[PDB]
């Protein structure tokens, strides 16, 4: 579903620095790719870094990435495969998560992505994400999780 982005949400410089775990998406991408870890370094208002993931074809693999920021949107570019390259709009940003939405070749009718500071976010974080999604006209129940990552015994 297309979101209703906030009126004047700010994406602060360096908000995306460091390590994130891309654990929940709509539609669910996790039969195509899993165990997604992102690491971003600041370059001014932009970022560069690395995405690692488990590929059904290639196993654990790594890619260099660039994020080019303009206001509340950014351009995502990956070095060696381009199916996720798109403009993405920031929907929500928090100390513990961020959410963006774009239309890459992999999901051209729209792809919402939730990035977490924790590999297995605790319930308090998940509840805040639920609320943030409702505030942008989305609904957590229509997202899928990466069930390959062991978050429960």
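Numbering follows the first chain given and starts at 1.
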- prompt: Which wins on mean Cα temperature factor, 110 to 118 or 44 to 52?
  reply: 44 to 52
task: Would you determine, from the values in the PDB entry, which of 66 to 74 and 26 to 34 has the greater average C-alpha temperature factor?
output: 66 to 74
query: Once the chain's modelled residues are ordered by C-alpha B factor and cut into thirds, is residue 84 in the lowest, middle or highest one?
result: middle
message: By the recorded C-alpha temperature factor, relative to the other modelled residues in its chain, which third is residue 95 in?
response: highest
task: Going by the recorded CA B-factors, say which third of the chain residue 19 sits in, lowest, middle or highest.
output: lowest
